[PDB]
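What follows is one chain in structure tokens, specifically the form whose entry title says "inward-facing".
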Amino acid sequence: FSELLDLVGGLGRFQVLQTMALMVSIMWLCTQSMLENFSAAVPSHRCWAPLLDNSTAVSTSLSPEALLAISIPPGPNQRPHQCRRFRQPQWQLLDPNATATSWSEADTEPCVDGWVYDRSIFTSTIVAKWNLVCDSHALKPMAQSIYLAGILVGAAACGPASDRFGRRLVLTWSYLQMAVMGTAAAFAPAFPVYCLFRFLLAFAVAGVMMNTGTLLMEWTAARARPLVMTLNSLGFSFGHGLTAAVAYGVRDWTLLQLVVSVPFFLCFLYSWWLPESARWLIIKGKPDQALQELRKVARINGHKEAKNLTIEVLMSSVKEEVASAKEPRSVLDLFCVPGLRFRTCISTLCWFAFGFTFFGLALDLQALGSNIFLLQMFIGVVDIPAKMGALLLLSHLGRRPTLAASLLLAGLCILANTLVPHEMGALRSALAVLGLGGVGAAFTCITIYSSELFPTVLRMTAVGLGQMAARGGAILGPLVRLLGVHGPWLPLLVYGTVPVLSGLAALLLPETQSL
């Protein structure tokens, strides 16, 4: 096939502009996923209480600190209880002779009158709007799980639709669905409706993710294809910085969600000026359309050959593909072949670990460091050099040691985060950033390495199964935080154990760089 790209220009003005255009979309698409660090931030809260909040009642000369001690009991964390209040004001607790033994839990009641939230950092969040606290506290990670499950279902449905209707058409309606569903989520009236719209937004996120990469690869000559995949992967790196930059300015969740959604109307509008994949149009037996959209690109790249492209040349240049690209093999074949079964197991585990660890940690920055805006920005800034170093070492040291070393870097940093005491917040934050950097490097590493461990007929099958495994791991990511009742160390130990085991496992793979 690529002989045609050499008539049309296989790297040039069109591929440059297409890479820029799709990278920008991937940036905003990354903001959509990272948003719920900020849209769903948990502000500090307490029960509403008469002496503190009933401004219509008779006031007193006591200070707010004293009235808080008189109204809200202390909780386990040596801070005011987030889910209880005194049944009657505890005037007895003001005198210096008082002790903690002076009251008992029967003297307290739950927040009958609802909660009061700290508005200093964020003006509003979904947690503050729908009271996703105390007995409802599980509902935040449930919302994140529903989003990531939406992406799983969307990726499962994308394949058949992408193959039947085309890369660009599905990408176009994915952009429209992202805009519409993000705008709808921004104005949802109730929590179930918000979950429905976030699910339907994720369903389109999957389509954008898959089709952008597929279309970039299908329009790029082979010498530049790894570089193009790397640039498309740096799109997310800049997406992290963009998330921090936008969320630092917009402190209301409705306005923030709307702001990050609206750009996709423009993405929808400019996607119509992209060409549908020529490989797809030829494979589906539509030469008259493939010729048009090839010489359209030849016009952009500035070639005289737009006069030379002709149907007979177009047909003669792709004689093999239409005659042989007819093997949509089932996933089970990977397990049927004795040799490939165990390689498939290990590579699928390496895909799983990325999603599990990354969307375990990256979606609760509030636990990792002092300032989530700056920490998100750093998760971008450190992701970039990690990815470039991954590409280079992947090109020199071999895929096996680079995959193993990246995953072991991630695991060791995330585990060490549990050894460093809570007082050393700076080192905890730095280790968390480095761990997410290692995971993000392994993302590129595995994307390329899994495309070599299997014979060329089953290469694509392995990559698809790996992607589904990463999505299954991402879904479990958020739910693992529900173990945190037993301690803050436990979710971190789990998230750190997974990459350690998978990184050790990657050592058992064969090397695929030339030896």
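All residue numbers are counted from 1 along the displayed sequence. Note that the rigid core is defined as the largest set of C-alphas that superpose within 1.5 Å between two forms.
There is another form of the same protein, the form whose entry title says "outward-facing"; it is not shown, and what comes next is about it.
Trainee: Just one of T183, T230, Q366, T108 has a CA that shifts 2 Å or more between this form and the one not shown on a core fit; which is it?
Mentor: Correct option: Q366.
Trainee: After core superposition, I'd like to know whether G477 moves between this form and the one not shown (criterion: C-alpha shift of 2 angstroms or more).
Mentor: Yes, the C-alpha position differs by at least 2 Å between this form and the one not shown.
Trainee: For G10, does the CA position differ by 2 Å or more between this form and the one not shown when the superposition is done on the rigid core?
Mentor: No, the C-alpha position differs by under 2 Å between this form and the one not shown.
Trainee: Taking the rigid core as the frame, does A432 move its C-alpha by 2 Å or more between this form and the one not shown?
Mentor: Yes: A432 shifts by at least 2 Å between this form and the one not shown.
Trainee: Closer or farther: how do the CA atoms of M217 and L394 lie in that other deposited form, compared with the form shown, if the change is at least 3 Å?
Mentor: Compared with the shown chain, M217-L394 is closer in that other deposited form.
Trainee: Relative to what is shown, are the Cα atoms of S450 and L171 closer or farther apart in that other deposited form, where the gap shifts by 3 Å or more?
Mentor: Here the pair is farther apart than in that other deposited form; there, closer.
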